[PDB]
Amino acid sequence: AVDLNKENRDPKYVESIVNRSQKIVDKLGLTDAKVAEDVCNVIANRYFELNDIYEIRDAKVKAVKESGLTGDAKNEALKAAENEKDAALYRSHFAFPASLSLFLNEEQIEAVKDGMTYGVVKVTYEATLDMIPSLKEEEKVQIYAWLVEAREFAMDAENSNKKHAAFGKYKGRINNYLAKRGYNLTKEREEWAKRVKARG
């Protein structure tokens, strides 16, 4: 079985992660209830693993801010805490889909990544296509590639806010790309507003 890594954690926190993980698994509609429990625990354990990494990051950052360090000494110490955090994300990133692949196919693994990132890939992709119906095939492919990338970082983020901000950076990249390719995004939005009304 996959055990839930709940030892020495606040029960209210454990419960919140278990229920969050269960809701993601429910959407998969798995027919084997034991497999569904194992999947649920792999997901819950990743949430806890990420929490522990950010707790260390925050403790380091607080100690630096409260220390004497002042200039580049300070800022380099802060950057070093962030690098330590990213190195922990890197070292544990690929183990998560490896564990899920014991139980799930590639499509289900993607549904789990979407569940953890609030389905922002699909929502953003469809909204972009709705607002710019003239997009070339190659543009749709590039836009979709950057949203998939964004999701790899967002699934590792600390909380809902940081997840949305991670997608925000790639959405900015999408906009710069479209403008560089001659699209007038202000105008595209005006015409979409009009399409929305006429569509009624």
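When you see a residue number, it is the position in the sequence shown, counting from 1.
Looking only at CA atoms, which has the higher mean B factor in the entry: 88-96 or 75-83?
On average, C-alpha B-factors are higher across 75-83.
Which has higher Cα B-factors on average according to the PDB entry: 154-162 or 66-74?
Between 66-74 and 154-162, it is 66-74.
Grab the CA temperature factor for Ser21 from the record and place it in the lowest, middle or highest third of its chain.
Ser21: CA B-factor falls in the lowest third of its chain.
Among all modelled residues of this chain, ranked by Cα B factor, put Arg46 in the bottom, middle or top third, i.e. lowest, middle or highest.
CA B-factor rank for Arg46: lowest third.
What third of its chain, lowest, middle or highest, does the C-alpha temperature factor of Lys140 fall into?
As the PDB entry reports it, the C-alpha B-factor of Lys140 lands in the lowest third of its chain.
When the deposited Cα B-factors of this chain's modelled residues are ordered and cut into thirds, is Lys34 in the lowest, the middle or the highest one?
It belongs to the lowest third of the chain when residues are ordered by C-alpha B-factor.
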